[PDB]
Structures are given as structure tokens and as C-alpha cells.
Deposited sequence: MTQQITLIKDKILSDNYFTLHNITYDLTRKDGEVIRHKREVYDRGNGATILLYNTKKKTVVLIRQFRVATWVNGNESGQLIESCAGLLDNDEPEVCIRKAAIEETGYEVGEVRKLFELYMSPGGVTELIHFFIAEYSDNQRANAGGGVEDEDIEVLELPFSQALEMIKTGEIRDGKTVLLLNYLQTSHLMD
């Protein structure tokens, strides 16, 4: 995978809703040897996720909704607990995530803290994910956050044992709770 990446072919395998490409690239080695590779690349655009936490109560806000992709893959009920999250669409990550937060969780969020931007599945998915945390309070609650999306308010400690047992099993939701833990913000 060293150096010299010549792009050779970008074929669209499927462009219904999101896009599936087949990508042909060449890697050229130290000696000048050229090896051809072919890789499916699925482009659903980038996303952002936020973790709402509160230091007055030691609580965090998450959601739960039906994820069909997990229903077809081992998740019996299909419902999944997760940090609030949205696709970028036409929006910068901040705008994206503020709106996402107020549609899904019904909180008007103020100061945010960006953590990192991570690829979640870099083998075959372009998806970059913008991570945020922000503190919440009862003042910031505009509405209810309704889709089958249920808003969960629970102890930070509870959420942590749910990672332990399997009740929480989403990746971006685990990163975020683990970062809040290591941040000390909740102590």
C-alpha cells in the first residue's frame, strides 16, 4: 500500500439513493512493480453525532430507533441505543448537529466541543463522522424530539454498564461515552 496510487477506473455499481462505486487503483512498489486492486466503495456522505451530558445530575441524553441494517444482522428487536446523529446533507457539521439535536432530542444546544472527525468503516465506506459533546440543561429543552425516535435521559454510570453488557453496541455511541468518562467533566 506504499506509494504511487494511480487511479484507473471509477465504476458506479448502483446510484439509486446513495452511490456504490467499484474503484480500480494501481500501487507501484520500490522496485517499480505495479499491482492492480479493485475495491467497492459505498458513499453515503459524511455525518455528525453528539453526546448531550449534564453535570448537575450526572446524566446523558441518547436516543433509540429502529436500525434495519442491524435487524438483518443479529439485532433481534432491530432497535438501537445511540448518540443523537444526522447526515451532513448541505450543512456544515455544527449546523447539521444542532438541527439534528433539536429534531431528535428536542434540545437547543449552545457551546459545543468538537472531539475529532473519524472514519467509521474505512475498508468500504467513505463515511467521515464529526463528533461533538455539549452540556445540556432544562432551559435548552424546546420540545419532545419525535419517526420512532425515543429520547432517553439516564445516569452516565448506567450508560457505562450498558456498554459492559451489550445493551449499548453502537460504535460512535461507545467512543463518545468513553471520551466523556476520560474527560472528567462529570466528576
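Peer 1: Where does the model have holes with respect to the deposited sequence?
Peer 2: That part of the chain that was deposited but carries no coordinates is 147-150, and nothing else.
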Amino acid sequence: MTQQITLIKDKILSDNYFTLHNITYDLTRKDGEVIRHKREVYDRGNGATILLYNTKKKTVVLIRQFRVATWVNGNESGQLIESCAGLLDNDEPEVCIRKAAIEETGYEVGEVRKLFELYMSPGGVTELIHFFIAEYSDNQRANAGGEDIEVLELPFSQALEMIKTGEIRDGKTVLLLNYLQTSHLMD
From here on, numbers count along this sequence of modelled residues.
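Peer 1: Tell me which stretch, 152-160 or 46-54, has the higher mean Cα B-factor listed in the entry.
Peer 2: Per the PDB record, 152-160.
Peer 1: Identify the stretch, either 130-138 or 28-36, whose C-alpha atoms have the larger mean B-factor according to the entry.
Peer 2: Result: 28-36.
Peer 1: Could you look up the Cα B-factor of residue 22 in the entry and say which third of the chain it sits in: lowest, middle or highest?
Peer 2: Lowest third, going by the recorded CA B-factors of the chain.
Peer 1: Ranked by Cα temperature factor within the chain, is residue 93 in the lowest third, the middle third or the highest third?
Peer 2: Middle third - that is where residue 93 ends up once the chain's C-alpha B-factors are sorted.
Peer 1: Classify residue 77 as lowest, middle or highest third according to the C-alpha B-factor given in the PDB entry, relative to its own chain.
Peer 2: Highest third, going by the recorded CA B-factors of the chain.
Peer 1: Using the B-factor values recorded in the entry, state whether the Cα atom of residue 144 falls in the lowest, middle or highest third among the modelled residues of its chain.
Peer 2: Top third by C-alpha B-factor.
Peer 1: What third of its chain's C-alpha B-factors does residue 16 belong to: lowest, middle or highest?
Peer 2: For residue 16, whose C-alpha B-factor we compare with every modelled residue in the chain, the answer is the middle third.
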